[PDB]
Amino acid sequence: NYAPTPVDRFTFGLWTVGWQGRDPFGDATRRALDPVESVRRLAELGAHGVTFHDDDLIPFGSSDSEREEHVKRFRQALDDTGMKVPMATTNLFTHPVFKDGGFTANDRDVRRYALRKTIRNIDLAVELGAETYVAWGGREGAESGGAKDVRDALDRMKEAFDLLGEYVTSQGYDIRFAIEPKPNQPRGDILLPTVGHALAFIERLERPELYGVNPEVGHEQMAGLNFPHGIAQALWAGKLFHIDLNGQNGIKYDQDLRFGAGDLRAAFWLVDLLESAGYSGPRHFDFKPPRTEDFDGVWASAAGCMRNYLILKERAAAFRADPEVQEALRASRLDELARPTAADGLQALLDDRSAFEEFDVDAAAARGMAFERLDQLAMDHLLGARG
């Protein structure tokens, strides 16, 4: 039961199942995986595709001949399995040169290098068929207040993204960018810390249509925010170009638990929203099998990501299709929420005594919302305990 299919579009970063287990306090617990191995094993589990940072696929500093051979082997694995590459990204965070940032490093020479490193990988992403190019600016930020003038850093961040937009336009590429917010870690505070901040920033770019967000479940939860609500705002803005699925237990370091772990009810409401809205992008997992696990546990954890999505999809669909739930939604006036407040227009509203002088505030206030019964129907559906 709960078998992944190609139409599910489940994807995984090479760096997810390939995470060797090094953490702030501990050495690696697993050997490095050849990307070819990961492609073949993920395909066997029913995944649709993989994603990569440049330096996951091509060791940093590789010669041109080494780069060609790494890509050739990877493409053979994709061809052997039918796996796709819908998204790629740049590693602008691991190498010491990026310790104060890539696009917003105080040193101008580093900013220029970061752009050139990204541009090289955009070309490769396009060659591999990627539709989306993610940017997670994990080193953009500060540990102290004097170190980073945020207005100047935002100017540099806009300049960088504008140059990348000019680049893809000039090459006729169809790829689009997706900015991944995170509030902190590894910097004390990261620039563009939430979906909202990233959405706002995009509106000030020269070609805003080329940019959207890549929100990650656990990152919004590191600020204690409601991830489904943030996804709703991104969908409302037309900017949900990609998504990173995982689990997180609240306000901690970025745990990258398998999807469904962490906040299970938020996972339910997320799946309900994505499916109801008809989100058509990859269901991408940015997760880490815990370092306690051997490779059998790696593949079990990856399989669990997909399984949990599919269970939640079933339960959310059953919730929405249940005539008792539909009745409860009407009892709670969800239908009214979807109607305009004043399609009659401002003057009619100003002239409407039923909206002021003749509005019975105490009668209105007496009406219960019936939200608790609705939420218990949702719980019963999630748990398969209807009756």
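Note that residue numbering follows the sequence shown and begins at 1.
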Quick check on the record: does 119-127 or 263-271 carry the larger mean Cα temperature factor? 119-127
Entry-level comparison of average CA B-factors, 138-146 and 171-179, reporting the higher stretch: 171-179
Take the CA temperature factors straight from the PDB entry and tell me which of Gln76, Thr89, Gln185, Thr292 peaks. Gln76
Check the PDB entry and point out which of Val325, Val50, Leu350, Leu337 has the largest C-alpha temperature factor. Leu350
By the entry's values, the third containing the CA B factor of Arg207 is the highest
Could you tell me which third, lowest, middle or highest, the C-alpha B-factor of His229 occupies within its chain? lowest
Based on the entry's values, in what third of the chain does the Cα temperature factor of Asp155 lie: lowest, middle or highest? middle
By the entry's values, the third containing the CA B factor of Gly218 is the lowest
By its CA B factor, does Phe10 count among the lowest, middle or highest third of the modelled residues in the chain? middle
